[PDB]
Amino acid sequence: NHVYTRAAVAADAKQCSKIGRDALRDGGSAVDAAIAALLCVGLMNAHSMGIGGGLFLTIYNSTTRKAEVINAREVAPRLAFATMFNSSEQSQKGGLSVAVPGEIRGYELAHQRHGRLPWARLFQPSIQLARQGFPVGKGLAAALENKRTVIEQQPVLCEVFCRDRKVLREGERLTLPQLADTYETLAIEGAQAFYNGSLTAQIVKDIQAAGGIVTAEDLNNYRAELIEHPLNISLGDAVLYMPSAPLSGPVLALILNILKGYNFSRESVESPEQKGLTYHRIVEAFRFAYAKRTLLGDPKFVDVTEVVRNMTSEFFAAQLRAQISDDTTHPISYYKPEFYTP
């Protein structure tokens, strides 16, 4: 049941939750624990996230009572352009599909602002895990099976993800010895090693060799961004902090604002008559909220100010709730999906 009197980490792999917890016990901040745990998930779920990707953190300081967001999502390289892909396969595989990784700049910014433990300490348990290896978990095993063909026919992937030329199965040992060395370099040399240091030329070489266009200048210029005022909504006596565009906080805000007007409670699910109507109303709120999603984009490049103002407005939400019919769903056009600002 995992109730804890002092502190808690909930990650998607048991060993990574324990690594986060150990950081907390050793005097780390919530940010130290999150970074140490994320470094571990990057190994245990290497198919899902890692230092080749990007992340967002929502952080709340109990003392100042302030929340902030750190934006370390990947960005299109300087040589990218709107018509660079003509098929889904071009946009999904190979070096041209790679955006500039932001993960390590994100960890650095968060740790500069909120760290208590030394940077190298955050990497130590993951360097050990990558060298000694670990049993393949359920999620990774499923992904390996789903991608077996691709994996098995690519020697650089089969190097770590196969055993005797076949993909690893759940319970079999995976070791990540090159990543262990990379994590050690990052721990010793800092985030600079990735973006403007000893790893940078090799990153560019690997991406370009696979047909990509990321350059050293792209890595040098990458910056994580501090957002001092995250999106928020009021729910009852609480405030919900979440990222705005380019993430989906505005969609979540609109869903909850539409639904808060129904005053759901445990009675809403106490009988099938009530429970059925309640779930209908939830699905309709999703449909209204997703109609508005296609206007969203990076707010540095697209003007989303009005869209986001509507999506976070309780009054706009009440106008949409008034259009939810208790007896029927409606065709797509009813929800007014929009691809251009009206």
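In this text, rigid core is short for the largest set of C-alphas that superpose within 1.5 Å between two forms. Sequential numbering from 1, following the sequence displayed.
Of 140-148 and 80-88, the stretch whose C-alpha atoms sit farther from the shown form in 7 other deposited structures of this protein, after fitting on the rigid core, is 140-148. Of the two segments 271-279 and 49-57, the one whose CA positions lie farther from the displayed form in 7 other deposited structures of this protein, once all are superposed on the rigid core, is 271-279. Per-stretch averaging of Cα B factors for 145-153 and 126-134 places 145-153 on top.
Note on 47-55 vs 304-312: mean CA B-factor is higher in 304-312. Residue-level inspection of the entry shows that, of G171, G212, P77, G197, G171 has the top Cα B-factor.
Among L219, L259, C158, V251, the highest C-alpha B-factor recorded in the PDB entry belongs to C158. Placement of the Cα temperature factor of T64 within the chain: highest third of the modelled residues, per the deposited record. Among the modelled residues of its chain, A120 has a C-alpha B-factor that falls in the middle third according to the deposited record. Compared with the other modelled residues of the chain, the Cα B-factor recorded for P272 ranks in the highest third. The deposited CA B-factor of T175 belongs to the middle third of values across its chain. In this PDB entry, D26 carries a Cα temperature factor that places it within the highest third of its chain's modelled residues.
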